[PDB]
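Single-structure report; data block below.
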Amino acid sequence: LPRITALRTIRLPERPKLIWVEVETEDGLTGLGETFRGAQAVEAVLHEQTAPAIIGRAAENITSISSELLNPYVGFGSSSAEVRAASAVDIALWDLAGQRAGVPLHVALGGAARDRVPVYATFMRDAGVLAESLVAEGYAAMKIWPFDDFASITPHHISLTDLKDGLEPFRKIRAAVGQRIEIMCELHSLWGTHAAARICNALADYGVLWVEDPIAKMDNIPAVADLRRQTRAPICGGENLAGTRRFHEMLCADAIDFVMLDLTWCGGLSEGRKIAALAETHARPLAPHXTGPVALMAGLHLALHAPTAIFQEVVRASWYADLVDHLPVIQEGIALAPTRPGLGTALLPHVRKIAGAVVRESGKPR
Amino acid sequence: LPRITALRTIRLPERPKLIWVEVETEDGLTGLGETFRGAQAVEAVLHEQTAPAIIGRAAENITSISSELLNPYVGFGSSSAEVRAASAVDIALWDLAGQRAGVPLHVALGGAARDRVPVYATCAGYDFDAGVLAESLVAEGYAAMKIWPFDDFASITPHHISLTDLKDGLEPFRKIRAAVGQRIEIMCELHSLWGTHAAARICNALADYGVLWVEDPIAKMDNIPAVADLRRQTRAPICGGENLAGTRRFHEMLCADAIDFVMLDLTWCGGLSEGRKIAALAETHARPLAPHXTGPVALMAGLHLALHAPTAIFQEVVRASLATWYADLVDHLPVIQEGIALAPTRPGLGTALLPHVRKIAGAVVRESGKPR
Amino acid sequence: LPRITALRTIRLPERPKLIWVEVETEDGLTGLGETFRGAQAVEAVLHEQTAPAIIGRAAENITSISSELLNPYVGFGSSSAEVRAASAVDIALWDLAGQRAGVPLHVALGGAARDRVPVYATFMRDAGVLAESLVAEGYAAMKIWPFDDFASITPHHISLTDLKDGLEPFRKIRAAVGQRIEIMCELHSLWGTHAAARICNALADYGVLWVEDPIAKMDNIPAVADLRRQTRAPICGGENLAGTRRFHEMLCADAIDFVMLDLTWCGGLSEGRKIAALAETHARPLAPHXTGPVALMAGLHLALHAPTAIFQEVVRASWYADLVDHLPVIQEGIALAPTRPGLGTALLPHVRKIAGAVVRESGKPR
Amino acid sequence: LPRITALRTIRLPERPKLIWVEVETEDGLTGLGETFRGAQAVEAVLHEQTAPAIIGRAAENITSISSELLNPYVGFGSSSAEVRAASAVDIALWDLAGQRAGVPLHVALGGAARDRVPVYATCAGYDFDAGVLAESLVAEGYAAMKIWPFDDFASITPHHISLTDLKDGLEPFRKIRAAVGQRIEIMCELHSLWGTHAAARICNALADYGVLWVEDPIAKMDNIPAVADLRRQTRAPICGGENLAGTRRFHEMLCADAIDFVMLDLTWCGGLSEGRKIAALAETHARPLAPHXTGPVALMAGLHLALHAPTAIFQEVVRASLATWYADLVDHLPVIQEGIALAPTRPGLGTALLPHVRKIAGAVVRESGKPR
Amino acid sequence: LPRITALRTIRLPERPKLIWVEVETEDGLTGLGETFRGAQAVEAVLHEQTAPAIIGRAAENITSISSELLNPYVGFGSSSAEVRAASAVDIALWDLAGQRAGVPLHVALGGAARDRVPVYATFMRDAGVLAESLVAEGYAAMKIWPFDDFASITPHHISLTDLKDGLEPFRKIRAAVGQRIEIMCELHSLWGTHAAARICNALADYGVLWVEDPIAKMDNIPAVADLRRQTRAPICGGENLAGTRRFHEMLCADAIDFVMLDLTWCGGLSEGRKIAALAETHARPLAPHXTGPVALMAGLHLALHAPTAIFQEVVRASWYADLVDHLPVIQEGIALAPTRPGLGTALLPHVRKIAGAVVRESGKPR
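Residue numbers (the deposited numbering), protein chains in the order written: chain B, 1 to 122, 154 to 321, 323 to 350, 354 to 401; chain A, 1 to 128, 157 to 321, 323 to 401; chain B', 1 to 122, 154 to 321, 323 to 350, 354 to 401; chain A', 1 to 128, 157 to 321, 323 to 401; chain B'', 1 to 122, 154 to 321, 323 to 350, 354 to 401. A prime marks a further copy of an entry chain.
In structure tokens, the structure reads:
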């Protein structure tokens, strides 16, 4: 029916890590997608290789386009420039399916599993004070990463004295708010097995909800599974992983307690929907990750569709409002279900005319 | 002492999939590397991401640089544009180590395991009846040949192959046997095109032709359980790894008993540092190895690895009897006589871009740091 | 290019466990290696079997020579007299590659992963006092072995009363310095499964960094893996093991938390480099072991190259200075990266003329 | 009571790989043992290390002594010079136990399981057309023969074997079959020379010759996963263990279903105490066993184990019809008639060095303790 | 050489569970063996089936006779009447080998691994008082079974109140003697999985050395392995098991921490020697079990030979002295190595003339 007509990318010097992709179909509509990191490489993928492959294709064949884009000869099965490009396009295509059908993107996926989802907020100074305001604002959980700096000394060991400093923020939170908020420890994929296990064991007293991405890197499923087995710590994994294969393997190895994924990194909404189905089959909980405003809106759509989603990561400090027309409605630490058709957000008309914006186009723009 | 001072990429409109990378050091030397596919993406990585990370670093910390470049926050554990870019730089760095020490690259790696390696030729000339081909390949002394006559059928569907399409794909195997019998090895390339049923059906049907290996049967070869089940059910000899990257994926293939032979492309796997680690994996498992061959630098890099690797048995090459475009771009190509590649004696990689390459019409030349 | 020209061994009656090997190449240079235990047997291997195999060979083919030497018809896959000889020669050959290239040995290996590495020091009286001086000197860790004597009663059981005596030094350390130093318990491969597990469990309160070589002997990978699983104690293994095969097996069984290796026992630098790559693939930390001055310098070179190295074992009490021209520079419990080409140490000219030195030569000495 | 008083080693310039060990006790008796390869290393171990450890100990604590000598701080779990030295002493100690009790060695071990064992002959005479050989071996009553025609090809490369080299290596198998059909068993020795692909290719190609076993296919046989995968994929009958040592490695081979037959050399595996433990492993797994045969002492030690071991089916021997150098060095050799070795009736090992051996020209004789 | 000439059995109405077997060889010597339970069935096996099989056989072929006797068409692989008979005969045959060679039975086996072995003694009233006398007498360990009676209510559950009563003796021991004696809890193969795990967990605070035979019955290797895994309790197993096969399976499953065996039940000394070698390969400790005086002497011989033996079970209350000429010398909780040839004990001449003794003979008695 309606075919893909043009592909446009936008980069802004103010945000060098971001890239926006707009896909035009012949019916006058335009879909929005986004991805994060290696923005020039992604731009190059989208124009050099993605546009020839997708322009002229019927836009309704989203899953089939995803399969092809997620399956390049090199760079498949990882969050590569190739796969970030594919993720961006897939979001724009689901956006378009929602527009065409006049329903929110999560409904186009197959429907809402919930009308709203708890959000968590994403400390070196006084984490207890921070915990107080977040509790007051109604946030059920908070995430902090106070061990990061220590990995620059060495990722394969952490001193007992450096460990103790890293634990202070958790002591401060529990002293200030007890059990009134959940804590997540983010390890950013920085550590070897021994350091990871040392941190995980030391966190026991603080009752964290999860330890996220403990091992460098999280494609190391045997290392994560052994850590989980030895320490019995709650492990979250997935943020920077892509494709059902690595997710399926983590889940089957019993390496993780929670599934995390970034819809702009993991392959996109079509892939993320498949990962949600894997999480459901294993009865494991899931939370989408959040970069730019589009990643956030795509994530929230998944968090409302996914049978086992429990949280959506939001930022508090994020300029998103300068780029797009709508953001999700968050009330007392709870994001509500969008009702607008499609993704429910679009770039503001001025974004192309921002100083030094790099705007590239393939095909025949409207 | 010697620090990295600049990073240059070259792209030529006639070879759109290729990219050459040149790495300059304070001591006046330039190292050459190369990679293949998504050349603009790779260029972008090299200049937006790699250049700021390596410029100012001592060039001699090859494996440390490689560890970093192979571990980006996104794109790790696969032949992503990130890892391809890393591989190109790693080749340039080993080139430099060879140069500084005045030794061929494979000696910088820790020594030759052999002074020559058997080759098989898959490509020739300027562009890139099986019985007649087999005859002349045998005449020229090649121990092995690789063909891929099933590829077209996968465009009908990658998940089934008819009995009729099967019979036709097997015709070239019949011809080779009828023409030369056991005088050459045959390798069936499947290019990661097929699902489990179609691959099993092809693998079983090839039994009677005594193929040396069936290469990359499964779409895609990160599907280790699918490959392991294939090898188990059919008992076919399986070669895997050409388009995979990093020690993790190879380590997993090998532990799962998924493959009989290890293949790798030195400009896709992470580079020579990683390839050296991948060769050690193979040696530990007692499995044989062959480097894959794209541009002249991949060829020379693969050769160095084939001479260094304890278990290397073959090196994929360009046909030595037929003049090739490689010869237009670089000063030196490996000596291949009678199905044998000889060990290079020159220091470093042993080949460099010809002076006119930077000036070719429509060449995109991008630079970071301070080119001399 | 330059070929191997002569092989010389030196034994000194003062140090009966040691042996030094010097390899001459035709370019005038000479490489130094060393190994420890069964020094006469090693001498016999080097002259009877190693010298015929290597004299006339190009010295640059280090890895290939290692493969042949590590692969004799009998005695492969263990720290045998055959494999200690091979290790000694391989160190001398890497020494020579560094000399030829005019770079430190770790650079010849492929480069530094770090410019310096923490060292640990290697108590029955008052361990707390010892802990004070080591902390003061800046040592991050210390290793003690107070259970050794009990294994001579029986290696398959340890009395609750003997256990308690063995634990005193750990109590004294923690009372005297708290968390200011790491402790490692060395079990010297002396114990059966039950005694090992008893010791490991009793050590929990003292928060040891690792328990090293708990089982007699550490080729017993199933016994070590079960101990690790049942007690969840941090296990170090490898000191007296050789070849990638036994290391690969330990790592795959999840038998260990830390990889230890002795470069004069394990097959040498070429083999040790491969073991470092295994450790890296598993994301496990590594520390080289230290015997004579050469073992120490070879170890330190590996500790600077190995992606996952965290410590280098040093002695405090070691006469090394009477034998060789250079030792590594240790500052405040931190060994710095050598800058001299090659191994960075050579026997002093007088060593051959020491009283009763046994000096044997094969080939044609300079 | 009777304590070990001295330890003697003998080396002869004509048999440079061999070493004999003699162990003296207070009661006037001397026990004989032997081992093979790295004879100077072994001599050194025996005198620098073993002698101080055993001298003064009661000779009757054979298994305790063995446990100690087999557990050196370095060199354990392999046929190291340490473990070879230990094995030689353990044989001498069981020799002594037999002597003191006035029983053949295998009876000291706990009894004969059989009064004779079938043998296969691999060596003859003074130096150490397959159809003609097979004919006379059959004529002489041997149930089995062992050949190793692939060894030379491994010096080209251990990681691949051409189809042509393959065809030639198989020729002796064709000849044996064409000459004698099913009248003799054939055993293919591979001597741990090959990588996984070359071994699989050889194992598969031997299917049609009905070989009893393919021996030590993999370089080296501590690579249990490689051997297990080989046996699984090809279903070939695999014999392993000749050059391995200690119960651990045998226990692991057996549990992994890597082998169909257990081979061991009593002068390399740890000795008779350890071999007895290794035979118990085999019995538990219901797997058959054969001792390997180097010098006359290894032969006699292997025979005793073959008569004792519950699952022993064969014993490798020297050809009984042809006079051998063994007869120059020792007083007694096993009775081998018609492909059968008879149980010795003499006490102890049942053979001792001839008086003139100590005096042979250029004999290196070293002693520790107090020789009488 | 000397052939088996006659087989004689003796039963005494005073001890209905026992049976003695004497084997005569043509050289005038006679060997003694023994077994326990189902004494009439064993008598019937020995005369109906064992005697025809062994009379006329050379006695020196002990291991071969054992193989045949342990391998009947029915009843192999268990401590059956068939296998108890075989065990009895095998002990008599090893006894004879020691006599012929003029050495103690453990020396005939291959030698002593130790010249002496610790013994442990085998409470509802006041276990603490009992603990005091045993400590005073020099016993390193004691074994009690206070949970037995509860299994007669039901073997598949134990009440929290019944559990508490069962634990009292352990509380009393630790209150009265602290860590001065080891405790073993004997469960007699009485319990299902849940009861066994409940008991095992509740015993943690009392620091028992082992829990022996927790599951009904100990051929249930998966049930024992899961118990060991879930509770991490030290498990002893083997007393009533026979043949290397069941032992090999327990050990490979990591079901046990200690190997126990009864030489009159397990197949005999030849079989027990093979089980000792299995224990050694796994690096697991071993203790022989003790029924009549012969079982005890046979056990002690094994405990002196077995590389990994740590204890020998002795009784304190045992009339043995009325039946045989020698018992082992126990000094301060330590049994010393026998020096007499053979088993080192023989029936007293009067035993055949005891009132109502049932004495049966096959072959031609002297």
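Think of the CB as a built atom: it goes at the ideal place given N, C-alpha and C, for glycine as much as any other residue.
Nonlocal neighbours in the same chain, by C-beta distance under 7 Å from residue i, ignoring five residues either side
| i | result |
| --- | --- |
| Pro-325 (chain A) | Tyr-355, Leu-358, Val-359, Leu-362, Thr-380 |
| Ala-327 (chain B'') | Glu-34, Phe-36, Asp-293, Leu-294, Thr-295 |
| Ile-252 (chain B) | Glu-280, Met-281, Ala-284, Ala-286 |
First and last residue of the uninterrupted alpha helix (DSSP H) at residue i
| i | result |
| --- | --- |
| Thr-30 (chain A) | Run containing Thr-30 (chain A): none in the alpha helix (DSSP H); it sits in the beta strand (DSSP E), 30 to 36. |
| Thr-192 (chain A') | 191 to 208 |
| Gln-99 (chain A) | 81 to 101 |
| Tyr-355 (chain A) | 355 to 358 |
Residue i versus residue j: straight-line alpha-carbon distance, rounded
| i | j | result |
| --- | --- | --- |
| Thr-312 (chain A) | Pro-104 (chain B'') | 49 Å |
| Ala-286 (chain A) | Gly-75 (chain B) | 21 Å |
| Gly-368 (chain B'') | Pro-245 (chain B') | 28 Å |
| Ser-66 (chain B') | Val-107 (chain A) | 14 Å |
| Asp-288 (chain B) | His-320 (chain B) | 16 Å |
| residue 352 (chain B') | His-279 (chain B'') | A gap in chain B', from 350 straight to 354, means residue 352 (chain B') has no coordinates in the model shown. |
| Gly-298 (chain B) | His-188 (chain B) | 33 Å |
| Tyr-126 (chain A') | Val-346 (chain A') | 14 Å |
| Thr-30 (chain B'') | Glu-22 (chain B'') | 6 Å |
| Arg-57 (chain B') | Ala-53 (chain B) | 56 Å |
Cross-chain neighbours of residue i in chain B'', by beta carbon under 7 Å
| i | result |
| --- | --- |
| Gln-261 (chain B') | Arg-263 |
Close-in-space but distant-in-sequence residues of the same chain around residue i (CB under 8 Å, 5 per side omitted)
| i | result |
| --- | --- |
| residue 439 (chain B') | Chain B' is shown only over 1 to 401; residue 439 (chain B') falls outside these bounds and no answer can be derived. |
| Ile-212 (chain B) | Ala-162, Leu-165, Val-166, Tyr-170, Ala-171, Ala-172, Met-173, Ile-204 |
| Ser-87 (chain B') | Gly-33, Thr-35, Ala-273, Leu-294, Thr-295, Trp-296, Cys-297, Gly-298, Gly-299, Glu-302 |
Neighbourhood of residue i by C-beta, 6 Å cutoff - its chain only, sequence neighbours within 5 removed
| i | result |
| --- | --- |
| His-333 (chain B'') | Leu-105, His-106 |
| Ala-335 (chain A) | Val-117, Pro-319, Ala-341, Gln-344 |
| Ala-101 (chain B') | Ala-108 |
Nearest-angstrom beta carbon gap, residue j and residue i [assumed within contact, 8 Å]
| i | j | result |
| --- | --- | --- |
| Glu-60 (chain A) | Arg-401 (chain A) | Contact doesn't hold; Cβ gap of about 19 Å is too wide. |
| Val-45 (chain B'') | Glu-82 (chain B'') | 6 Å |
Range of the contiguous beta strand (DSSP E) that encloses residue i
| i | result |
| --- | --- |
| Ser-397 (chain A') | 393 to 398 |
| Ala-172 (chain A') | 172 to 175 |
| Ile-10 (chain A) | 4 to 12 |
Chain A contact residues for residue i, given Cβ-Cβ distances below 9 Å
| i | result |
| --- | --- |
| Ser-183 (chain B) | Those within 9 Å of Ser-183 (chain B) in chain A number zero; the least Cβ separation is about 12 Å. |
Contacts that residue i makes with chain A (C-beta to C-beta distance below 7 Å)
| i | result |
| --- | --- |
| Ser-164 (chain A') | Residues of chain A passing the Cβ test: none, with the nearest at roughly 33 Å. |
Proximal chain B' residues relative to residue i, where beta-carbon distance stays under 7 Å
| i | result |
| --- | --- |
| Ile-246 (chain B) | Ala-314 |
query = Taking a cut of 9 Å between CB atoms, which residues from the segment 286 to 299 of chain B'' lie near chain C?
reply = This model lacks chain C altogether; the protein chains it does include are B, A, B', A' and B''.
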